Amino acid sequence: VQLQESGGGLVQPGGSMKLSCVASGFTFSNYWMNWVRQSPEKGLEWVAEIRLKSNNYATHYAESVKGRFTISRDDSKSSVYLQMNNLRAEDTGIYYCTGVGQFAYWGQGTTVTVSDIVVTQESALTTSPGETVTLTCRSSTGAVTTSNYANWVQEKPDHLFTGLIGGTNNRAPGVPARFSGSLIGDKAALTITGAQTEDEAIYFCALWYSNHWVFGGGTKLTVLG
């Protein structure tokens, strides 16, 4: 599976820009597609989703971009697009197309340079090879339950994302067995049973709230020795 974005670059405040993403290796037309952006200050932030032809290609948007961005898809070309008008400085960031159960696949990102629910994660955790470590994800609204469809996404050196878990407890394809997701108490949880040195990464959770996703701030996992 590849997702590959293009269209980024320098834009003047108030200007417009169109991003493209072409998908291969999965049945594109059977899945919703999203755009998520990563900034220095605001972290990972879900921008937009577009659903299937059977959903009349329904779209939903983050409040921050509603009225300025338009997401669309061409199932005939296995591609999703993001039209962005009236850009602002806060729109600066790396933009990713992503989807499947629910954020298994990520493109490499395309950079756009212009010129409330809170999900909480541990800032950092330290472990060693062979230990069991559990990362947690809390919602400012109450309990996390299966209706929040908790996803866990791994960021490895320099903005390389891969989804590990979706729908609370479901390992994406090809994800190592040492990763599992669950609900623990009133939080979503990612457990690594036998941490490995290569697991040193930033881990983000995302929770679903009716018609939008909110990403956590991320947990830096250090694996010592």
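One rule holds for the numbers: they count along the sequence shown, beginning at 1.
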Does the comparison with other entries of this protein show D116 left unmodelled in at least a third of them?
yes
Count of coordinate-less deposited residues separating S115 and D116, as none, 1 to 3, 4 to 9, or 10 or more?
10 or more
Mind pulling up the entry and telling me whether 156 to 164 or 27 to 35 has the higher mean Cα temperature factor?
156 to 164
Comparing 79 to 87 with 128 to 136, which has the greater mean CA B-factor as deposited?
79 to 87
In terms of CA temperature factor as recorded, identify the highest of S72, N148, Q121, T111.
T111
For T191, the third of its chain by CA B-factor is the lowest
Please rank the C-alpha B-factors of the chain's modelled residues and tell me whether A48 sits in the lowest, middle or highest third.
lowest
In terms of the CA temperature factor given in the entry, to which third of its chain does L3 belong: lowest, middle or highest?
highest
Determine, from the deposited record, the chain-internal third of the Cα B-factor for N56: lowest, middle or highest.
highest
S64 CA temperature factor, ranked by third within the chain:
highest
